[PDB]
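Asker: Please find target-v3.cif (mmCIF, N, CA and C atoms; chains and numbers go by the auth columns) on the next line:
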```cif
data_entry
#
loop_
_atom_site.group_PDB
_atom_site.id
_atom_site.type_symbol
_atom_site.label_atom_id
_atom_site.label_comp_id
_atom_site.label_asym_id
_atom_site.label_seq_id
_atom_site.Cartn_x
_atom_site.Cartn_y
_atom_site.Cartn_z
_atom_site.B_iso_or_equiv
_atom_site.auth_seq_id
_atom_site.auth_asym_id
ATOM 1 N N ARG A 1 -57.027 -15.231 -65.703 0.00 1 E
ATOM 2 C CA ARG A 1 -55.702 -14.852 -66.163 0.00 1 E
ATOM 3 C C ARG A 1 -55.210 -15.832 -67.230 0.00 1 E
ATOM 4 N N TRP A 2 -54.315 -15.338 -68.073 0.00 2 E
ATOM 5 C CA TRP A 2 -53.761 -16.155 -69.140 0.00 2 E
ATOM 6 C C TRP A 2 -52.308 -16.475 -68.782 0.00 2 E
ATOM 7 N N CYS A 3 -51.994 -17.762 -68.810 0.00 3 E
ATOM 8 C CA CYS A 3 -50.650 -18.212 -68.493 0.00 3 E
ATOM 9 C C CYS A 3 -50.223 -19.233 -69.549 0.00 3 E
ATOM 10 N N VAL A 4 -48.978 -19.671 -69.436 0.00 4 E
ATOM 11 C CA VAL A 4 -48.437 -20.643 -70.370 0.00 4 E
ATOM 12 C C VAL A 4 -47.386 -21.497 -69.659 0.00 4 E
ATOM 13 N N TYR A 5 -47.528 -22.805 -69.814 0.00 5 E
ATOM 14 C CA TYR A 5 -46.601 -23.738 -69.195 0.00 5 E
ATOM 15 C C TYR A 5 -45.978 -24.664 -70.240 0.00 5 E
ATOM 16 N N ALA A 6 -44.654 -24.716 -70.223 0.00 6 E
ATOM 17 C CA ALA A 6 -43.926 -25.556 -71.160 0.00 6 E
ATOM 18 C C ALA A 6 -42.964 -26.461 -70.386 0.00 6 E
ATOM 19 N N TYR A 7 -42.729 -27.638 -70.948 0.00 7 E
ATOM 20 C CA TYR A 7 -41.836 -28.599 -70.324 0.00 7 E
ATOM 21 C C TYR A 7 -41.127 -29.452 -71.378 0.00 7 E
ATOM 22 N N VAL A 8 -39.811 -29.308 -71.422 0.00 8 E
ATOM 23 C CA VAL A 8 -39.008 -30.056 -72.374 0.00 8 E
ATOM 24 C C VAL A 8 -38.033 -30.958 -71.614 0.00 8 E
ATOM 25 N N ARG A 9 -37.965 -32.205 -72.057 0.00 9 E
ATOM 26 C CA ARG A 9 -37.080 -33.174 -71.430 0.00 9 E
ATOM 27 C C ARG A 9 -36.567 -34.173 -72.469 0.00 9 E
ATOM 28 N N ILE A 10 -35.253 -34.177 -72.640 0.00 10 E
ATOM 29 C CA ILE A 10 -34.625 -35.075 -73.593 0.00 10 E
ATOM 30 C C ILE A 10 -33.219 -35.429 -73.106 0.00 10 E
ATOM 31 N N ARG A 11 -32.757 -36.596 -73.529 0.00 11 E
ATOM 32 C CA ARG A 11 -31.435 -37.062 -73.144 0.00 11 E
ATOM 33 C C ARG A 11 -31.336 -37.176 -71.622 0.00 11 E
ATOM 34 N N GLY A 12 -31.059 -36.043 -70.993 0.00 12 E
ATOM 35 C CA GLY A 12 -30.935 -36.002 -69.546 0.00 12 E
ATOM 36 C C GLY A 12 -31.067 -34.570 -69.024 0.00 12 E
ATOM 37 N N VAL A 13 -31.779 -33.758 -69.792 0.00 13 E
ATOM 38 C CA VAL A 13 -31.988 -32.369 -69.421 0.00 13 E
ATOM 39 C C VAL A 13 -33.489 -32.091 -69.330 0.00 13 E
ATOM 40 N N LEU A 14 -33.826 -31.092 -68.528 0.00 14 E
ATOM 41 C CA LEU A 14 -35.218 -30.715 -68.343 0.00 14 E
ATOM 42 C C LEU A 14 -35.329 -29.189 -68.310 0.00 14 E
ATOM 43 N N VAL A 15 -35.956 -28.651 -69.346 0.00 15 E
ATOM 44 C CA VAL A 15 -36.134 -27.213 -69.447 0.00 15 E
ATOM 45 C C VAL A 15 -37.623 -26.880 -69.336 0.00 15 E
ATOM 46 N N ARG A 16 -38.039 -26.576 -68.115 0.00 16 E
ATOM 47 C CA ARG A 16 -39.430 -26.238 -67.860 0.00 16 E
ATOM 48 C C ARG A 16 -39.646 -24.731 -68.013 0.00 16 E
ATOM 49 N N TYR A 17 -40.225 -24.362 -69.146 0.00 17 E
ATOM 50 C CA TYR A 17 -40.494 -22.961 -69.427 0.00 17 E
ATOM 51 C C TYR A 17 -41.876 -22.554 -68.913 0.00 17 E
ATOM 52 N N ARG A 18 -42.030 -21.257 -68.687 0.00 18 E
ATOM 53 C CA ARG A 18 -43.291 -20.728 -68.197 0.00 18 E
ATOM 54 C C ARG A 18 -43.471 -19.278 -68.655 0.00 18 E
ATOM 55 N N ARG A 19 -44.658 -18.752 -68.390 0.00 19 E
ATOM 56 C CA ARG A 19 -44.969 -17.383 -68.767 0.00 19 E
ATOM 57 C C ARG A 19 -46.401 -17.032 -68.358 0.00 19 E
ATOM 58 N N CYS A 20 -46.617 -15.748 -68.121 0.00 20 E
ATOM 59 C CA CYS A 20 -47.931 -15.270 -67.723 0.00 20 E
ATOM 60 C C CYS A 20 -48.090 -13.832 -68.220 0.00 20 E
ATOM 61 N N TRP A 21 -49.343 -13.425 -68.366 0.00 21 E
ATOM 62 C CA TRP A 21 -49.644 -12.082 -68.830 0.00 21 E
ATOM 63 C C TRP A 21 -50.296 -11.318 -67.676 0.00 21 E
ATOM 64 N N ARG B 1 -56.294 -17.157 -71.833 0.00 31 F
ATOM 65 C CA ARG B 1 -55.813 -18.307 -72.580 0.00 31 F
ATOM 66 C C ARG B 1 -54.771 -19.073 -71.761 0.00 31 F
ATOM 67 N N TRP B 2 -54.575 -20.328 -72.137 0.00 32 F
ATOM 68 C CA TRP B 2 -53.615 -21.173 -71.448 0.00 32 F
ATOM 69 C C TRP B 2 -52.861 -21.986 -72.503 0.00 32 F
ATOM 70 N N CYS B 3 -51.624 -21.579 -72.745 0.00 33 F
ATOM 71 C CA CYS B 3 -50.790 -22.257 -73.722 0.00 33 F
ATOM 72 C C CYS B 3 -50.040 -23.386 -73.012 0.00 33 F
ATOM 73 N N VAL B 4 -49.712 -24.412 -73.783 0.00 34 F
ATOM 74 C CA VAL B 4 -48.996 -25.556 -73.244 0.00 34 F
ATOM 75 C C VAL B 4 -48.137 -26.180 -74.345 0.00 34 F
ATOM 76 N N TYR B 5 -46.840 -26.239 -74.078 0.00 35 F
ATOM 77 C CA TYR B 5 -45.904 -26.807 -75.033 0.00 35 F
ATOM 78 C C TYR B 5 -44.768 -27.541 -74.317 0.00 35 F
ATOM 79 N N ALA B 6 -44.720 -28.846 -74.537 0.00 36 F
ATOM 80 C CA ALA B 6 -43.694 -29.672 -73.922 0.00 36 F
ATOM 81 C C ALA B 6 -43.099 -30.608 -74.976 0.00 36 F
ATOM 82 N N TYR B 7 -41.928 -31.139 -74.656 0.00 37 F
ATOM 83 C CA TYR B 7 -41.245 -32.047 -75.562 0.00 37 F
ATOM 84 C C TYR B 7 -40.418 -33.075 -74.787 0.00 37 F
ATOM 85 N N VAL B 8 -41.107 -34.095 -74.299 0.00 38 F
ATOM 86 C CA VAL B 8 -40.451 -35.148 -73.542 0.00 38 F
ATOM 87 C C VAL B 8 -40.199 -36.348 -74.457 0.00 38 F
ATOM 88 N N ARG B 9 -39.034 -36.953 -74.278 0.00 39 F
ATOM 89 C CA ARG B 9 -38.661 -38.107 -75.078 0.00 39 F
ATOM 90 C C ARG B 9 -37.897 -39.121 -74.223 0.00 39 F
ATOM 91 N N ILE B 10 -38.263 -40.383 -74.389 0.00 40 F
ATOM 92 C CA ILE B 10 -37.624 -41.453 -73.642 0.00 40 F
ATOM 93 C C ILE B 10 -37.648 -42.736 -74.476 0.00 40 F
ATOM 94 N N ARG B 11 -36.750 -43.646 -74.129 0.00 41 F
ATOM 95 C CA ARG B 11 -36.657 -44.913 -74.833 0.00 41 F
ATOM 96 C C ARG B 11 -36.488 -44.675 -76.335 0.00 41 F
ATOM 97 N N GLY B 12 -37.616 -44.474 -77.000 0.00 42 F
ATOM 98 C CA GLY B 12 -37.608 -44.234 -78.434 0.00 42 F
ATOM 99 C C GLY B 12 -38.937 -43.637 -78.898 0.00 42 F
ATOM 100 N N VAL B 13 -39.591 -42.942 -77.980 0.00 43 F
ATOM 101 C CA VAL B 13 -40.868 -42.317 -78.280 0.00 43 F
ATOM 102 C C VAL B 13 -40.851 -40.869 -77.789 0.00 43 F
ATOM 103 N N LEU B 14 -41.139 -39.961 -78.710 0.00 44 F
ATOM 104 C CA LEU B 14 -41.160 -38.545 -78.386 0.00 44 F
ATOM 105 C C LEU B 14 -42.609 -38.094 -78.184 0.00 44 F
ATOM 106 N N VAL B 15 -42.898 -37.671 -76.962 0.00 45 F
ATOM 107 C CA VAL B 15 -44.235 -37.213 -76.627 0.00 45 F
ATOM 108 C C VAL B 15 -44.268 -35.683 -76.658 0.00 45 F
ATOM 109 N N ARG B 16 -44.827 -35.156 -77.738 0.00 46 F
ATOM 110 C CA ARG B 16 -44.927 -33.716 -77.901 0.00 46 F
ATOM 111 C C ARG B 16 -46.366 -33.255 -77.667 0.00 46 F
ATOM 112 N N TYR B 17 -46.488 -32.047 -77.135 0.00 47 F
ATOM 113 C CA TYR B 17 -47.796 -31.479 -76.858 0.00 47 F
ATOM 114 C C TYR B 17 -47.834 -29.991 -77.211 0.00 47 F
ATOM 115 N N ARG B 18 -48.916 -29.599 -77.865 0.00 48 F
ATOM 116 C CA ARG B 18 -49.088 -28.212 -78.266 0.00 48 F
ATOM 117 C C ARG B 18 -50.574 -27.856 -78.323 0.00 48 F
ATOM 118 N N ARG B 19 -50.936 -26.833 -77.562 0.00 49 F
ATOM 119 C CA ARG B 19 -52.317 -26.385 -77.518 0.00 49 F
ATOM 120 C C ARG B 19 -52.449 -25.166 -76.602 0.00 49 F
ATOM 121 N N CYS B 20 -53.416 -24.321 -76.931 0.00 50 F
ATOM 122 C CA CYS B 20 -53.658 -23.120 -76.150 0.00 50 F
ATOM 123 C C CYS B 20 -55.170 -22.932 -76.014 0.00 50 F
ATOM 124 N N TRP B 21 -55.586 -22.593 -74.802 0.00 51 F
ATOM 125 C CA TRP B 21 -56.997 -22.381 -74.528 0.00 51 F
ATOM 126 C C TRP B 21 -57.309 -20.903 -74.771 0.00 51 F
#
```
Represent the structure of the file as structure tokens.

Answerer:
Amino acid sequence: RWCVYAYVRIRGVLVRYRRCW
Amino acid sequence: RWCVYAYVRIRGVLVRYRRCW
């Protein structure tokens, strides 16, 4: 399977993005 | 495929990552 994992963290925030097909 | 994109930053160094299998 194909998936995608993203993780953003700056200042004091954390935006963990994701996705799958 | 496996995509990966993150953007973590601390102190004064931004660790960015980008790549897809």

Asker: Rounded to one decimal, what separation in Å do you get between atom CA of residue 40 of chain F and atom CA of residue 20 of chain E?

Answerer: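 Separating atom CA of residue 40 of chain F from atom CA of residue 20 of chain E is a distance of 28.8 Å.
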
Asker: For the atom pair atom C of residue 46 of chain F and atom N of residue 1 of chain E, what is the interatomic distance in Å to one decimal place?

Answerer: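 Taking atom C of residue 46 of chain F and atom N of residue 1 of chain E, their separation equals 24.1 Å.
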
Asker: Return as a PDB file with N, CA and C atoms, in the frame of the given file the set of residues that the PyMOL selection byres ((chain E) within 5 of (chain F)) yields on the displayed structure.

Answerer:
```
ATOM      1  N   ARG E   1     -57.027 -15.231 -65.703  1.00  0.00           N
ATOM      2  CA  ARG E   1     -55.702 -14.852 -66.163  1.00  0.00           C
ATOM      3  C   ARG E   1     -55.210 -15.832 -67.230  1.00  0.00           C
ATOM      4  N   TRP E   2     -54.315 -15.338 -68.073  1.00  0.00           N
ATOM      5  CA  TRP E   2     -53.761 -16.155 -69.140  1.00  0.00           C
ATOM      6  C   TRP E   2     -52.308 -16.475 -68.782  1.00  0.00           C
ATOM      7  N   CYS E   3     -51.994 -17.762 -68.810  1.00  0.00           N
ATOM      8  CA  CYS E   3     -50.650 -18.212 -68.493  1.00  0.00           C
ATOM      9  C   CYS E   3     -50.223 -19.233 -69.549  1.00  0.00           C
ATOM     10  N   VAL E   4     -48.978 -19.671 -69.436  1.00  0.00           N
ATOM     11  CA  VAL E   4     -48.437 -20.643 -70.370  1.00  0.00           C
ATOM     12  C   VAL E   4     -47.386 -21.497 -69.659  1.00  0.00           C
ATOM     13  N   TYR E   5     -47.528 -22.805 -69.814  1.00  0.00           N
ATOM     14  CA  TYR E   5     -46.601 -23.738 -69.195  1.00  0.00           C
ATOM     15  C   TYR E   5     -45.978 -24.664 -70.240  1.00  0.00           C
ATOM     16  N   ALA E   6     -44.654 -24.716 -70.223  1.00  0.00           N
ATOM     17  CA  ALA E   6     -43.926 -25.556 -71.160  1.00  0.00           C
ATOM     18  C   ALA E   6     -42.964 -26.461 -70.386  1.00  0.00           C
ATOM     19  N   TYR E   7     -42.729 -27.638 -70.948  1.00  0.00           N
ATOM     20  CA  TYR E   7     -41.836 -28.599 -70.324  1.00  0.00           C
ATOM     21  C   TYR E   7     -41.127 -29.452 -71.378  1.00  0.00           C
ATOM     22  N   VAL E   8     -39.811 -29.308 -71.422  1.00  0.00           N
ATOM     23  CA  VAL E   8     -39.008 -30.056 -72.374  1.00  0.00           C
ATOM     24  C   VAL E   8     -38.033 -30.958 -71.614  1.00  0.00           C
ATOM     25  N   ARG E   9     -37.965 -32.205 -72.057  1.00  0.00           N
ATOM     26  CA  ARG E   9     -37.080 -33.174 -71.430  1.00  0.00           C
ATOM     27  C   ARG E   9     -36.567 -34.173 -72.469  1.00  0.00           C
ATOM     28  N   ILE E  10     -35.253 -34.177 -72.640  1.00  0.00           N
ATOM     29  CA  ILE E  10     -34.625 -35.075 -73.593  1.00  0.00           C
ATOM     30  C   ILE E  10     -33.219 -35.429 -73.106  1.00  0.00           C
TER      31      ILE E  10
END
```

Asker: Pairing every Cα of chain F with chain E in order, what RMSD remains after the least-squares superposition?

Answerer: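 Across all paired C-alpha atoms, the RMSD is 1.5 Å.
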